[PDB]
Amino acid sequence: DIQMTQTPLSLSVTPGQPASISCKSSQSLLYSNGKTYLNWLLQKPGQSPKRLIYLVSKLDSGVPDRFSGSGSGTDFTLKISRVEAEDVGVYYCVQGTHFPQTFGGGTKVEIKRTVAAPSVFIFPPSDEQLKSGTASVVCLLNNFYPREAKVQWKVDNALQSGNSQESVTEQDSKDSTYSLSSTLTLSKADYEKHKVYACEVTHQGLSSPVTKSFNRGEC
């Protein structure tokens, strides 16, 4: 356990701008042999790691030029001259000079882009789910930025609480946007006691709130 300290822990940058990450151990990663074993790994969300730079500076087959490795002693740093959408993910440095191997806590790189309002979609329950006795109404916010978004459920114009769950995606690797889903789940009985179901969306990219709704009947 040589202790691997990584910094910063999070870092948002705008496309093209340069970015740097640091990694400081607790003892020379320089082996008696004329080599220092320290690598940099890039991990996309939910995907498997990919080695970017090994032996401190040597790149790796099929890896952009904007990625450079340097530093030494116990103060190594990764540097991206022109960060790009594709570079989103978590970066880690690994020491293989001592024993056992240890990794840094990682550095989450986010891309700062221009504000983008979400497109809002609503989905009524499928007849098959109703048979099972439960009913899920889904509201979708698609390709937006920044991440902060406020969605609220209203049934027959009566604001709701305690009956919905939301989940937000990772930052898109192409447009750097996010998507979010809010799901209102209630019993069939309750779903049948009301008429209008509406999703209300509030986001920095919207001049005025957006409401998508539907009548249980006409649908």
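Numbers follow the displayed sequence, beginning with 1.
- Once the C-alpha B-factors are averaged per stretch, 146 to 154 and 64 to 72 rank with 64 to 72 first.
- The PDB entry reports B-factors from which the mean C-alpha value can be compared for 49 to 57 and 176 to 184; the larger average falls on 49 to 57.
- Listed residues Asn39, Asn163, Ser26, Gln171 were ranked by CA B-factor as deposited; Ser26 comes out on top.
- When the C-alpha B-factors of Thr114, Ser132, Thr97, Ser126 are read from the PDB record, the largest value belongs to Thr97.
- Sorting the modelled residues of the chain by their CA temperature factor places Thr77 in the highest third.
- Placement of the Cα temperature factor of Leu11 within the chain: middle third of the modelled residues, per the deposited record.
- For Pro18, the recorded CA temperature factor ranks within the highest third of the chain's modelled residues.
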